[PDB]
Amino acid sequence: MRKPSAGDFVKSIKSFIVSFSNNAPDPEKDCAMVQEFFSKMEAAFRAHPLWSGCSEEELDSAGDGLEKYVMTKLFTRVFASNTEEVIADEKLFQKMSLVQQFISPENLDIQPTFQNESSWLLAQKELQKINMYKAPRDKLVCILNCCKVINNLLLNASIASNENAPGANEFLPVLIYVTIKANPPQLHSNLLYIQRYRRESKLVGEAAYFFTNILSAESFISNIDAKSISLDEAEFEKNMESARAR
């Protein structure tokens, strides 16, 4: 992009960034505007006489590079950019900082046969990297890495315990456990941001499936009470109070 060759792509990107601020911030309108710009620019990368030219992989990378550059410039404006997302982020962090202290695998129907002795620590760590990156793709990669690590550790447990390769029945509760234990900052805003700003042609297939698993994990966790983790009510409140004290 630094080439004197592609200067008019650069002017076009720069005048999108400046002209984006002209509008009053609004998530649904902002993301539609970004996706449209992504669609127009990628179409322009492909059709340009000077790029005639490039492999599919090279075009895909250019798409990602553009997604990264634009989203980095727009980050403060579009990420966790309003009161309801700020509130929802904090409610979720607060919920998990309490529940993480006392939740166990059996509360989520994780069978002893699928126990991991690190409590899937590497998956926790992959998830936590989410706020080190600004680009929707790289945030989504943290989620996807978390999911692969979990799936590989579940496979090893089923290998040792001589059972079926793990399905959703095994995977989802473990994702929930892992997410609670990791408690990554601004989880709500991270998932909404990926959903709105990841190049829309790329949030498909297996990526969309594991993304839907973490959205459902977010939904479950937000709604956690005594019943949803099989605890007596009095036992639950007891545990929530001791978590606050600590």
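All residue numbers refer to positions in the sequence shown, first residue = 1.
Chemist: Should the higher mean CA B-factor in the entry be assigned to 102-110 or to 168-176?
Modeler: Mean C-alpha B-factor is greater for 102-110.
Chemist: Of 220-228 and 6-14, which one has the bigger average CA B-factor?
Modeler: Here the higher of the two C-alpha B-factor means belongs to 6-14.
Chemist: When you compare the CA B-factors of 213, 55, 183, 189 as listed in the entry, which one comes out on top?
Modeler: It is 55.
Chemist: By its CA B factor, does residue 90 count among the lowest, middle or highest third of the modelled residues in the chain?
Modeler: Its C-alpha B-factor belongs to the middle third of this chain's values.
Chemist: How does the C-alpha B factor of residue 51 compare with the rest of the chain: lowest, middle or highest third?
Modeler: For residue 51, whose C-alpha B-factor we compare with every modelled residue in the chain, the answer is the highest third.
Chemist: Split into thirds by Cα B-factor across the chain's modelled residues, where does residue 209 land: lowest, middle or highest?
Modeler: Lowest third, going by the recorded CA B-factors of the chain.
Chemist: Is residue 203 in the lowest, middle or highest third of its chain when residues are ranked by C-alpha B-factor?
Modeler: Middle third by C-alpha B-factor.
Chemist: Just say lowest, middle or highest third for the CA B-factor of residue 193 relative to the other modelled residues in its chain.
Modeler: Lowest third, going by the recorded CA B-factors of the chain.
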